[PDB]
Amino acid sequence: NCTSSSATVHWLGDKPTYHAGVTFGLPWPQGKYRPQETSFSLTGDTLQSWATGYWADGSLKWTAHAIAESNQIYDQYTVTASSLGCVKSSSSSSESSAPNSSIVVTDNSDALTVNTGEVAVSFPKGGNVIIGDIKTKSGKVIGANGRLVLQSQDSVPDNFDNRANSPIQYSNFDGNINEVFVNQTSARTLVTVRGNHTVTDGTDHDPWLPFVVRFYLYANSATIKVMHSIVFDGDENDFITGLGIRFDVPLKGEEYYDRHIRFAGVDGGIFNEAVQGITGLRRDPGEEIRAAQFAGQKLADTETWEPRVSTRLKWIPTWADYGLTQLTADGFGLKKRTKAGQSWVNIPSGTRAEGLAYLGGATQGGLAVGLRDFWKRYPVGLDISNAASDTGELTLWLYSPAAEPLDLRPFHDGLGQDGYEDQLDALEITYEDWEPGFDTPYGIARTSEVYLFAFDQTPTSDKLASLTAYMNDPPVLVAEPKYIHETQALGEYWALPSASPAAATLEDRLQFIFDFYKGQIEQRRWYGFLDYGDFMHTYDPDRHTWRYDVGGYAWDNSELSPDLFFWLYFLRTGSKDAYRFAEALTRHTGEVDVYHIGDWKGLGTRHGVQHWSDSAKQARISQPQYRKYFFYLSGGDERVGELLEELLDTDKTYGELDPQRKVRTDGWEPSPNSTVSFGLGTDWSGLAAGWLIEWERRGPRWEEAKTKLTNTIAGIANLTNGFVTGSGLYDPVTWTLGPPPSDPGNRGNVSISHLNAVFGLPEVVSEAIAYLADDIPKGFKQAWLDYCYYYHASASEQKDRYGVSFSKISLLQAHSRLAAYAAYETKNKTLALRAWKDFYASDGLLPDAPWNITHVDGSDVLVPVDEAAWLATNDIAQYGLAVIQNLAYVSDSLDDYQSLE
Amino acid sequence: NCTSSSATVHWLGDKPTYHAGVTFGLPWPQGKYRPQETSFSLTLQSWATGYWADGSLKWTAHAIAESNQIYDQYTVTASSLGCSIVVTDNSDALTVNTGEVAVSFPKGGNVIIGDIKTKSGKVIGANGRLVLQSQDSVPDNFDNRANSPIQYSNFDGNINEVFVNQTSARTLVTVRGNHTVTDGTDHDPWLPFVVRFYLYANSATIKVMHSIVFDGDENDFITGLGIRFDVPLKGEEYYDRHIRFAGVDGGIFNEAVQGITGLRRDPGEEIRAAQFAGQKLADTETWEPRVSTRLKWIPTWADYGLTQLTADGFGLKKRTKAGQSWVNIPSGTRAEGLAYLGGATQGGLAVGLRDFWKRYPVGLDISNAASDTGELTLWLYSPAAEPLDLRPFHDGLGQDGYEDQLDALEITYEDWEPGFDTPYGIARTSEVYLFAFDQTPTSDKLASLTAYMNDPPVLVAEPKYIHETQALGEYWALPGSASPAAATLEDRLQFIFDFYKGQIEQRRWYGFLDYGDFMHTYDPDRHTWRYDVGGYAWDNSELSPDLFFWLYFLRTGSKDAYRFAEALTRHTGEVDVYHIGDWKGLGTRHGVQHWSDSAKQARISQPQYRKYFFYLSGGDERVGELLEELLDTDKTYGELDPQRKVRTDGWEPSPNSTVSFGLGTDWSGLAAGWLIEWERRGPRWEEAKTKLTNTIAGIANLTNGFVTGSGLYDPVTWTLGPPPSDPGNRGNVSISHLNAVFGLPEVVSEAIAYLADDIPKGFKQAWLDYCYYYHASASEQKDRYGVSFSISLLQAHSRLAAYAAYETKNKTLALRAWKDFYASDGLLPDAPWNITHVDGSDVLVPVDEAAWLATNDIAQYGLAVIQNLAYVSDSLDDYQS
Ligand SMILES: [Ca+2]
Ligand SMILES: [Ca+2]
């Protein structure tokens with residue numbers, strides 16, 4: 001019979017003044033709603049839907065929803081779910097109403113056309129043009145031949161002087177379409193276009209730099225959201241110099257004085273000009289003619305002016321090109337010229353441009369284009385070309401050619417390092433684990449969030465400033481935290497913020513950590529095309545800088561799961577700032593810090609001076625768990641969907657590359673057609689998170705992932721030392737897990753690492769135990785409980801059980817949460833107290849650490865900066881997770897712990 | 001018998017923390033002191049810079065050594081008659097030795113500083129060389145670079161002449177030359193240069209005036225311009241080699257070639273703190289051995305580069321060596337543009353550019369710091385920037401001949417012509433500083449030296465004294481108000497100053513060539529100054545802003561005021577004037593580019609504009625040089641007619657043939673130039689004296705005086721006769737509003753006073769008549785001259801009435817001067833007299849505006865206030881009636 005329930009959803013911060021349609025996710029409790037048998041309705045104070053994840057029983061876990069662009073914006077949106085037996089025992093009569101707007105698509109051998117009711121855009125199925133043309137509802141074309149432009153060069157001169165004696169061969173490229181896909185729905189439609197960049201001008205060069213561009217169009221919207229994603233293919237010789245998206249804007253028929261150029265400036269500023277300026281001449285055509293051009297309206301017929309002006313328009317210059325370059329994160333330049341062959345006139349410019357340009361006119365219409373977080377991702381640009389011609393160009397440079405070309409080559413030569421002993425010895429001084437030919441960016445990726453806007457006529461500047469604001473803070477709808485928690489669709493291991501004054505200062509200290517790391521991004525200028533979203537790993541208290549030049553201490557690359565902390569922090573709080581911080585991080589770490597092709601497809605690169613410089617290529621960085629939260633909140637963002645699917649191939653890498661090669665003291669080395677060795681902590685937490693997720697989404701490979709997950713859970717269980725076992729051997733035909741090389745026949749092996757639990761293990765393990773339910777392999781849960789308990793048992797408790805004590809245990813604050821979990825699962829108050837003692841005593845960040853920032857200025861530093869010095873990113877990340885998880889599992893013990901002193 | 005007096009001299013603003021030797025100037029009264037006989041003491045190195053008519057001292061200049069002891073004031077006593085650096089000559093190169101540093105300058109070759117030694121004898125840097133890179137075309141757009149590759153060419157500075165003005169306290173080394181190719185496509189020598197090195201006793205800072213004259217084709221695009229040194233560091237260990245960069249507002253960046261801080265293992269807290277402080281690291285045996293072994297594994301960083309390519313942002317980066325990627329370094333907004341390379345034991349050098357970010361694109365490179373020899377490079381124009389493109393900004397838009405050209409002038413206020421859109425012969429001067437160090441200095445010192453170069457302390461006379469000597473005109477006085485009406489005038493002058501000082505920042509009027517100028521008229525609809533409409537963009541000294549801002553300094557003493565007037569003069573005197581070629585000595589009319597207009601005219605180069613700075617600086621040798629160039633201005637009147645377009649007449653110019661001079665518009669700029677050389681007693685002073693006195697008597701023996709609009713000048717006889725509209729001199733009347741507003745009243749007042757009793761009969765009266773009759777009734781202008789006029793900038797010209805009022809003791813005239821001031825054109829007293837702030841989506845960035853004014857109005861408003869107060873401030877109380 002009938003089952004129905006509601007969940008509410010809220011704007012991430014303040015209520016928007018404009019949105020362009022929006023997708024959101026909603027969790028649902030285990031077993032409540034069958035797929036295909038569940039309708040969903042929208043209440044806005046007074047619904048397009050689909051599934052993104054499922055429970056082990058097959059019921060709905062997460063769904064995504066989509067609402068059209070709308071004048072009417074509410075403070076909150078309430079979805080109601082209804083089982084199908086809810087309307088198949090009804091005897092009432094609903095009106096079936098038509099939506100006021102609804103998407104339609106036409107299909108053809110040549111092209112694919114999506115009509116929202118405000119625009120219609122065509123997507124060629126082949127060739128060197130992504131978007132064929134863009135029409136308003138009028139029918140008129142406002143822009144056309146959207147194409148991807150790449151430019152490269154085959155070498156770099158040693159320095160500026162070397163230019164005269166070092167030839168650079170420049171080469172241009174076009175986006176070649178290979179595949180076009182579609183997700184049609186009435187409320188929004190997603191066109192996914194995969195491709196390749198191919199030569200146009202300059203030297204013949206294999207096609208390269210694969211792409212996939214996603215176009216989101218919503219009913220009733222003239223706004224297209226564009227998720228441009230490129231994987232890097234090149235080698236020592238392919239230096240990128242220009243990367244961008246370009247449109248023709250047809251202006252023929254428009255008087256020059258009716259053609260309009262707008263660039264977004266600083267803080268909701270807009271730059272307002274026309275191709276032929278009528279304002280500030282020696283003579284005046286009339287107050288209202290001038291006001292009108294400034295406003296972007298069609299100017300009165302020539303006959304009504306003062307004739308002093310109309311007769312001499314042949315002598316007023318005519319500005320064909322405009323250029324805006326943002327080459328540092330703190331200043332941009334702006335210039336125009338009359339045409340090629342003449343010098344540019346410099347325009348008064350400023351600090352940080354919000355990254356939108358418009359080209360068009362009062363009659364012919366036109367389009368605006370922009371990049372989200374424009375200046376934060378320098379070097380970038382905005383070009384207008386040939387605006388005094390029949391067809392204008394409008395270009396967004398994701399990488400400005402006015403910048404130095406993008407050099408991805410190694411930052412050093414090896415410093416003489418010959419083989420592992422030397423490499424390991426460098427590790428001891430710089431924390432860098434170098435290896436020859438491993439400092440490579442081959443396979444890394446980056447996504448960019450572009451927006452397109454179509455106009456029937458030049459819009460007001462206020463509209464342009466609004467769309468600019470919009471683009472840079474795209475409205476998000478999210479589930480209430482309390483509801484996400486009750487559903488348990490996203491972990492047992494966190495809960496909301498208790499009366500303990502101890503607990504209250506913990507919350508303050510998580511806020512402190514967050515406020516600090518948010519501010520540092522600005523202060524240390526962790527900005528730029530590849531860099532933005534990451535932060536650094538450790539500080540230099542002498543120089544007052546993050547150790548950007550000392551091997552492993554530089555870019556943090558998700559070391560010790562800061563990604564879990566900041567996402568868990570967002571879940572618990574619903575803070576806008578927190579989501580944005582984690583959004584940015586997840587777009588960096590998932591794209592730039594992991595390999596998407598090549599022999600290492602599915603491994604990421606350990607923390608280093610470059611995001612790819614270190615040899616340790618491991619699954620703990622690619623760690624799918626770090627993406628799960630943002631995948632599901634957000635309505636199954638299809639890019640991350642793809643990234644998660646890519647990771648299913650990670651097990652294949654342990655045949656090509658063993659992460660322990662340099663330290664493994666057994667015989668082992670991978671060989672062909674043969675069981676492969678990986679870790680049970682670091683490596684297996686990566687593998688399992690990915691398998692769990694494929695199973696959850698019921699994607700192409702879900703059975704397989706279910707098998708690999710369940711068999712390895714059984715293999716660890718059957719290993720007589722469980723996780724404490726060093727870490728075993730995996731068969732890539734049978735999908736099973738045996739004991740390691742140093743112990744065939746499972747007699748008992750012991751290898752402990754402070755790193756095994758801190759890259760997702762407890763989080764994946766808890767979800768896996770929860771998902772598998774009654775089908776869980778016998779005594780796997782005991783083995784996990786074992787690891788959790790013996791890790792900071794006494795040395796004699798360890799020797800008793802496993803044969804030897806664990807001398808090299810550290811990160812005791814970090815592992816406090818493993819006791820906390822065990823304390824909850826066994827209902828043991830003493831084990832609970834141990835979690836808190838390890839949290840508050842032991843290591844990491846102690847409660848009596850400074851817990852403040854120092855300001856540093858004058859001649860000590862380049863710029864004024866705030867600093868810790870007493871903390872490092874490893875510290876805060878595990879602290880943060882310790883606070884959250886110990887509070888989830890054992891808050892009932894915290895005042896008890898506190899009252900004993 | 002003794003004549004003795006004292007004059008005191010004060011810092012510009014606050015007492016400086018540090019100076020590196022200073023030259024200042026003092027005026028003296030007409031007839032007080034003879035040149036070789038007068039001696040000067042302090043509480044002193046001295047020379048004459050200008051003189052009065054009878055040969056007595058007018059302006060002196062003085063130098064003091066660098067001193068740890070610094071005073072609030074310095075008092076110079078002069079007494080009438082009846083009352084340390086070491087230079088050495090090898091047959092090869094010359095060394096100046098201040099006591100603290102010792103610099104060798106070759107007399108030829110492509111190296112300009114041979115070596116720099118500290119007082120111990122250690123060579124801290126060597127091979128000072130001028131550097132230049134160019135390219136031969138630019139692409140149309142970025143896509144065009146595949147199909148149109150381009151020929152780069154490196155050059156360096158070849159020396160031709162070297163001069164030495166040597167004195168005990170100060171020693172100026174001048175080095176002329178040009179840029180002579182090395183690597184890249186063959187190319188003739190070009191880009192003539194001059195580098196003046198000032199060295200003072202007991203200083204290791206060297207001030208460096210690097211001037212350049214652009215003399216290339218449409219095909220010469222400059223991609224890089226700079227000064228470069230070698231820094232030795234052979235003995236020094238990688239972790240004892242230190243790199244600094246000035247950052248933002250007191251900031252310094254502090255690294256080392258091989259860093260020992262931030263490592264996985266600590267060598268020692270004391271060690272780590274020492275590298276950070278630029279000290280020699282204790283013996284490696286005293287380190288933690290986990291760090292001292294394994295030093296091999298810590299990378300060395302040879303190459304550092306700071307690029308400042310906008311006024312609001314710099315990037316900073318580091319590289320192990322070539323063939324590896326750079327690593328980006330946390331950076332910021334506006335770097336103050338000093339770099340240091342050197343070591344704890346081997347010593348080093350710092351270079352920088354005054355006003356660095358304000359003159360973008362600039363850069364600082366350090367290179368090969370992990371090698372036997374390092375390179376340290378100031379880039380006055382940075383390679384990381386787009387090439388410097390001085391070609392014209394339009395193609396002519398199909399203008400053909402003077403009828404079209406004057407038809408465009410009516411809508412865009414631009415007078416174009418083909419071939420006149422040319423930067424050939426413009427110049428630019430950069431103020432660079434070198435600093436020599438026996439060992440890596442403290443970061444605190446580096447910051448102090450950075451602070452110093454960006455605000456070089458200046459020593460100036462008291463305003464009461466300057467005015468009292470009358471050695472810079474009688475046409476201004478100190479503020480000290482008596483009426484509330486005068487007080488409001490003062491407050492309005494600060495309003496004008498604060499607003500313009502503001503707009504430089506707000507409208508980013510910065511850059512290599514731009515910084516120092518401002519713009520002409522405002523577009524009130526776009527809320528932008530009119531940067532893109534012909535003659536409404538860069539002001540290029542129109543209506544004598546330079547006169548207003550310099551006179552505003554004289555009156556007040558304001559540091560801000562001097563600094564503004566200075567930056568202006570460094571622009572207008574250099575990039576707005578031509579220094580070589582056929583137009584040498586003329587400047588370009590206000591435009592979109594500084595050189596785009598076809599009206600090349602002496603009203604713009606007007607030597608009066610540079611006179612106040614020339615003396616107050618203590619004889620700035622570069623402004624001195626520029627003032628000599630302007631003595632050739634007359635030659636151009638046989639090579640270009642300013643009226644070639646506005647002529648229903650047939651006339652044309654040839655060399656040594658007679659020409660028409662407008663008596664304000666052409667003659668006052670020439671008289672200015674001639675009056676200055678006579679005052680200085682320069683190489684052409686006899687020439688100058690006769691050209692001035694001839695033409696001054698010329699104008700007196702015209703029947704109608706200045707009222708006769710113009711004259712006819714013989715280049716052969718150096719004399720001035722009636723205009724071709726009235727040979728035989730029965731009488732002419734021609735009046736232009738343009739004649740008084742470009743320094744005419746200033747030159748005439750000064751000349752009358754200069755000549756004294758040797759003034760030609762009836763010159764002063766011919767002037768008073770212009771001053772009286774310009775805006776008298778047409779009943780008073782027919783009743784003499786027989787043909788009543790047809791008066792157009794009454795506020796501006798109110799000054800003239802006031803001069804005549806002072807001189808005639810005529811209270812009717814003074815009140816008319818105040819009526820014309822307060823109640824006609826220009827800035828009326830009822831005008832808004834406030835700013836409007838503008839933001840949101842109307843503009844790119846937020847701005848304050850005053851659309852009710854334009855630069856022409858403030859320039860002439862400011863002169864009228866200053867001048868009317870000086871001459872007729874008694875008559876101001878009475879005008880309130
Ligand atoms: Ca990274
Ligand atoms: Ca100028």
# chains A, B, ... in the order shown; residues from 1 in each chain; ligands from 1
call {"tool": "interface_residues", "arguments": {"of": "chain A", "to": "chain B", "cutoff": "6 Å", "atoms": "only C-alpha atoms", "output": "ChimeraX atom specification"}}
result
/A:158,164,170-171,202,265-266,268-271,280-283,315,328,330-331,340,342-343,348,351,407,409-412,426,429-430,461-462,524-525,540,858-859,861-863
call {"tool": "write_last_selection", "arguments": {"atoms": "C-alpha atoms", "output": "PDB file, in the first residue's frame"}}
result
ATOM      1  CA  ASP A 158      66.646  28.741 -22.043  1.00  0.00           C
ATOM      2  CA  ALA A 164      67.749  35.013 -30.990  1.00  0.00           C
ATOM      3  CA  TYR A 170      54.271  27.330 -33.206  1.00  0.00           C
ATOM      4  CA  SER A 171      51.333  25.016 -34.060  1.00  0.00           C
ATOM      5  CA  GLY A 202      51.632  25.369 -38.147  1.00  0.00           C
ATOM      6  CA  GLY A 265      35.590  44.117 -14.148  1.00  0.00           C
ATOM      7  CA  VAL A 266      36.145  44.152 -10.383  1.00  0.00           C
ATOM      8  CA  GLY A 268      30.313  43.693 -10.117  1.00  0.00           C
ATOM      9  CA  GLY A 269      31.852  46.303 -12.434  1.00  0.00           C
ATOM     10  CA  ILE A 270      31.221  46.221 -16.182  1.00  0.00           C
ATOM     11  CA  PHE A 271      33.162  47.903 -18.999  1.00  0.00           C
ATOM     12  CA  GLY A 280      32.844  62.092 -25.592  1.00  0.00           C
ATOM     13  CA  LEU A 281      33.364  63.458 -29.156  1.00  0.00           C
ATOM     14  CA  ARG A 282      34.055  67.162 -29.843  1.00  0.00           C
ATOM     15  CA  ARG A 283      30.385  67.502 -30.784  1.00  0.00           C
ATOM     16  CA  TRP A 315      36.309  60.106 -39.154  1.00  0.00           C
ATOM     17  CA  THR A 328      48.860  37.184 -12.401  1.00  0.00           C
ATOM     18  CA  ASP A 330      46.335  40.372  -8.696  1.00  0.00           C
ATOM     19  CA  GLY A 331      46.277  42.448 -11.973  1.00  0.00           C
ATOM     20  CA  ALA A 340      45.517  44.478 -37.148  1.00  0.00           C
ATOM     21  CA  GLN A 342      48.074  49.237 -35.800  1.00  0.00           C
ATOM     22  CA  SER A 343      49.215  49.629 -32.190  1.00  0.00           C
ATOM     23  CA  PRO A 348      42.326  51.851 -17.714  1.00  0.00           C
ATOM     24  CA  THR A 351      42.970  44.021 -10.058  1.00  0.00           C
ATOM     25  CA  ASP A 407      55.989  24.059 -18.834  1.00  0.00           C
ATOM     26  CA  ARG A 409      58.621  19.291 -17.390  1.00  0.00           C
ATOM     27  CA  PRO A 410      60.398  17.988 -14.261  1.00  0.00           C
ATOM     28  CA  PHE A 411      61.533  20.687 -11.828  1.00  0.00           C
ATOM     29  CA  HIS A 412      64.961  18.963 -11.421  1.00  0.00           C
ATOM     30  CA  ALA A 426      67.075  11.876  -0.719  1.00  0.00           C
ATOM     31  CA  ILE A 429      66.418  15.058   3.625  1.00  0.00           C
ATOM     32  CA  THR A 430      63.664  16.454   1.310  1.00  0.00           C
ATOM     33  CA  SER A 461      24.795  46.173 -17.788  1.00  0.00           C
ATOM     34  CA  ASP A 462      22.987  45.184 -14.591  1.00  0.00           C
ATOM     35  CA  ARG A 524      49.792  32.461  -0.278  1.00  0.00           C
ATOM     36  CA  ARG A 525      48.093  32.902  -3.668  1.00  0.00           C
ATOM     37  CA  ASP A 540      58.916  26.673   7.110  1.00  0.00           C
ATOM     38  CA  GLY A 858      58.012  44.032   7.335  1.00  0.00           C
ATOM     39  CA  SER A 859      61.253  42.701   5.927  1.00  0.00           C
ATOM     40  CA  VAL A 861      58.424  38.295   4.137  1.00  0.00           C
ATOM     41  CA  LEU A 862      57.458  39.337   0.650  1.00  0.00           C
ATOM     42  CA  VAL A 863      53.918  40.169   1.703  1.00  0.00           C
TER      43      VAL A 863
END
call {"tool": "residues_near_ligand", "arguments": {"ligand": "ligand 2", "cutoff": "6 Å", "atoms": "only C-alpha atoms and all ligand atoms", "output": "list in words"}}
result
residues 517, 538, 540, 572, 576 and 594 of chain B
call {"tool": "write_last_selection", "arguments": {"atoms": "C-alpha atoms", "output": "short mmCIF file (atom, residue, chain, number, x, y, z; two decimals), in the first residue's frame"}}
result
data_model
loop_
_atom_site.label_atom_id
_atom_site.label_comp_id
_atom_site.auth_asym_id
_atom_site.auth_seq_id
_atom_site.Cartn_x
_atom_site.Cartn_y
_atom_site.Cartn_z
CA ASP B 517 51.05 62.40 -17.66
CA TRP B 538 46.82 62.38 -22.97
CA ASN B 540 50.78 66.59 -23.07
CA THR B 572 56.39 65.77 -20.72
CA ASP B 576 56.20 64.46 -25.47
CA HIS B 594 51.85 60.95 -26.87
#
call {"tool": "atom_distance", "arguments": {"atom1": "atom CA of residue B:3", "atom2": "atom CA of residue B:38"}}
result
9.7 Å
call {"tool": "residues_near_ligand", "arguments": {"ligand": "ligand 1", "cutoff": "7 Å", "atoms": "only C-alpha atoms and all ligand atoms", "output": "count of residues only"}}
result
11
call {"tool": "atom_distance", "arguments": {"atom1": "atom CA of residue A:879", "atom2": "atom CA of residue A:508"}}
result
12.9 Å
call {"tool": "residues_around", "arguments": {"residues": "stretch 671-673 of chain A", "least_positions_apart": "4", "cutoff": "12 Å", "atoms": "only C-alpha atoms", "output": "ChimeraX atom specification"}}
result
/A:652,654-658,667,677,730-734
